[PDB]
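Chemist: Chains as they are written, first to last, in PDB author numbering: chain A, 1 to 274; chain B, 0 to 99; chain P, 1 to 8.
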Amino acid sequence: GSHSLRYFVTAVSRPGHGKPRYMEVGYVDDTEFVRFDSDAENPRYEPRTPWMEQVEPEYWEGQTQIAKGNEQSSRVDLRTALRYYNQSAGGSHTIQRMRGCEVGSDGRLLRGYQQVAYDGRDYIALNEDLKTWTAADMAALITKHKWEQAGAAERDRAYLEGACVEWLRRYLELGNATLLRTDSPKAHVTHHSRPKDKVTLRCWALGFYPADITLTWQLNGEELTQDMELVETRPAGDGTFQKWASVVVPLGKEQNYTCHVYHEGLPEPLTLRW
Amino acid sequence: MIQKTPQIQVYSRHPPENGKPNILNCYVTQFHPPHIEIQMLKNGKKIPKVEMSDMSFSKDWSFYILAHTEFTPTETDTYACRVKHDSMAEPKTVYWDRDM
Amino acid sequence: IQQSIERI
Ligand SMILES: [Cl-]
């Protein structure tokens, strides 16, 4: 498969109410594994999975120091943006950054990411070539120039192609048991009679990982789109995911509809009927 | 500031069985700004000390959080998540429905 | 491993 290591950074100003709130979150493959929270009684990077607890203590202190530098920086950034955009004082504003690498099963870099949003909108992003920037606006053009002049892109390229990839591997081998597992969905169909002569068929998928799944309903032998609902895929909170798709069909015609569940952890897709 | 309205799902961790310890989730997504007030309700009343995940945000920048607490479903007890966010004039309540 | 971020 392909895997990714990703860092998500949030800074939120709260004028009058003290210094900005600041957070960093690390993800391996969409599992949260490290976190830095300024609200902590004693803020610092900490492990978020049992498997992260086995790394050298040298690991943490260093990363904590890096996060603290990021937090002081981000506080300056919030002030900077207010100035670039000429925004009124006294409101809350947010900076977000995502940076990470996505690597194919051959250990090669498929993609490196470096991007920033201000107040929830694209601000600046490192292009796929890992050498040039895309500024979303006038304000971001000032950062683009600063960053070119400071040789930021090359610092980022080096990290994304080297360290980012190298640590992904440590982490993968570290959380071995649980990161690479597959839990296939357990499926079933429920049945409900609504007004007039309608029946709701709900096709359920539970306890699966990874999150990626497809559920479809077929009438006679082709898929449906109207009379259908599917909920966004959701965490059970224990590392598995849930989804369902329902369809409304005529009463006494339930037997003509089948539900199909597609998931990598299945020797082949599931077919259910009421 | 473009504000986006949180989307909410309330649902159990395991299939609900009356009288059996379970976990109840309020999954709130696609919102901006990050500040949000979530409360979980039993019979209309605040449940005490419920757990919140680390807020994060998704590839589209929008934020999300999972609120969860122990609960034991009964025939009559009802459950709800109540969300208060700047993007909405009024708090929004979604009730736990056992076949959803 | 996280690195340090460039100022805006
Ligand atoms: Cl019924």
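Each residue gets a CB set at the ideal place from its N, CA and C atoms; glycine is no exception.
Give me, in chain order, the residues of the same chain whose beta-carbon lies closer than 8 Å to that of A:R35; leave out the 5 immediate sequence neighbours on both sides.
Modeler: Same-chain partners within the cutoff: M23, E24, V25, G26, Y45, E46, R48.
Chemist: Given this structure, state the Cα-to-Cα distance separating A:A205 from A:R169, to the nearest angstrom.
Modeler: The straight-line gap from Cα to Cα measures roughly 31 Å.
Chemist: Apply the 10 Å Cβ neighbour rule to B:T73 and answer buried if 16 or more other Cβ atoms are within range, or exposed otherwise.
Modeler: So B:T73 counts as exposed.
Chemist: Please check the pair B:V27 and B:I7, which I expect to be a contact at CB under 8 Å, by giving their CB distance rounded to whole angstroms.
Modeler: So it is a contact: roughly 5 Å between Cβ atoms.
Chemist: Please report how far the alpha carbon of A:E229 lies from the alpha carbon of A:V247, in whole angstroms.
Modeler: So the two alpha carbons sit approximately 6 Å from each other.
Chemist: Note down, in chain order, every chain A residue with its Cβ under 7 Å from the Cβ of B:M39.
Modeler: The contacting residues do not exist; B:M39 stays about 13 Å from chain A at best.
Chemist: Near ligand 1, which residues have their beta-carbon closer than 6 Å to a heavy atom?
Modeler: Here the list is A:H192, A:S193.
Chemist: Got a sec, what are the start and stop residues for the alpha helix (DSSP H) A:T178 sits in?
Modeler: Residues 176 to 179.
Chemist: Spatial neighbours of A:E148 within its chain, please: C-beta separation below 8 Å, excluding the five flanking residues on both sides.
Modeler: So the qualifying residues of the chain are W133.
Chemist: May I ask you to report which of helix, strand or coil DSSP gives B:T77?
Modeler: The answer is coil: DSSP assigns B:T77 none of H, G, I, E or B.
Chemist: When every heavy atom of ligand 3 is checked, does at least one fall within less than 7 Å of the C-beta of A:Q54?
Modeler: In the structure shown, ligand 3 is absent; the only ligands present are ligand 1.
Chemist: Does any C-beta atom of chain P lie closer than 8 Å to the C-beta of residue 339 of chain A?
Modeler: Only positions 1 to 274 of chain A appear in this structure, which leaves residue 339 of chain A out of reach.
Chemist: A:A139: buried (16+ other C-beta within 10 angstroms of its C-beta) or exposed?
Modeler: The residue in question, A:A139, is buried, as its Cβ has 16 or more Cβ neighbours within 10 Å.
Chemist: Could you have a look at A:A139 and say whether DSSP puts it in helix, strand or coil?
Modeler: A:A139 falls in the helix class under three-state DSSP.
Chemist: Name the two residues that bound the continuous alpha helix (DSSP H) containing A:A158.
Modeler: It spans 152 to 161 - the alpha helix (DSSP H) in which A:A158 sits, taken as one unbroken run.
Chemist: With A:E71 as the anchor, note down where its alpha helix (DSSP H) starts and where it stops.
Modeler: From DSSP, the alpha helix (DSSP H) with A:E71 extends over 58 to 85.
Chemist: Should A:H192 and A:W274 be called a contact, given that it needs their Cβ atoms to be closer than 8 Å?
Modeler: Not closer than 8 Å, so no.
Chemist: Pick out whichever of A:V249, A:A211, A:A136 has its Cα sitting closest to the Cα of A:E232.
Modeler: Ranking the options by Cα distance to A:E232, first place goes to A:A211.
Chemist: Determine whether the Cβ of A:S73 lies closer than 8 Å to any Cβ atom of chain P.
Modeler: Closer than 8 Å to some Cβ of chain P, the Cβ of A:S73 qualifies, so yes.
Chemist: Can you check which of these residues, A:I66, A:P20, A:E173, is closest to A:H3 by C-alpha distance?
Modeler: Closest option to A:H3, Cα to Cα, is A:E173.
Chemist: Between the Cα of A:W167 and the Cα atoms of A:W244, A:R234, A:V103, which residue gives the shortest distance?
Modeler: Selected option, being the one with the closest Cα: A:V103.
Chemist: What does B:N24 touch in chain A if you count any residue whose Cβ is under 8 Å from its own?
Modeler: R234, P235, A236, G237, listed in chain order.
Chemist: Which bits of chain A does B:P32 rub up against, with CB to CB less than 9 Å?
Modeler: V12, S92, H93, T94, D119, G120, listed in chain order.
Chemist: Please classify B:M87 as buried or exposed, where buried requires at least 16 neighbouring CB atoms within 10 angstroms.
Modeler: So B:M87 ends up on the exposed side.
Chemist: Which of helix, strand or coil does DSSP assign to A:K146?
Modeler: Note: A:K146 maps to helix in three-state DSSP.
Chemist: Using the rule of at least 16 other Cβ atoms within 10 Å of the residue's Cβ for burial, across every protein chain shown, is A:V28 buried or exposed?
Modeler: That one is buried.
Chemist: Going by DSSP, what residue range makes up the beta strand (DSSP E) through A:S4?
Modeler: Taken as a continuous stretch (DSSP letters only), the beta strand (DSSP E) holding A:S4 covers 3 to 12.
Chemist: Rounded to whole angstroms, what is the Cα-Cα separation between A:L201 and A:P185?
Modeler: Cα to Cα, A:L201 sits roughly 18 Å from A:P185.
Chemist: Mapping DSSP to helix, strand and coil, what is P:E6?
Modeler: Of the three classes helix, strand and coil, the one that applies to P:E6 here is coil, per DSSP.
Chemist: Just confirm the distance between the C-beta atoms of A:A163 and P:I8, as a whole number of angstroms; I'd bet it's less than 8 Å.
Modeler: About 23 Å; that fails the 8 Å criterion.
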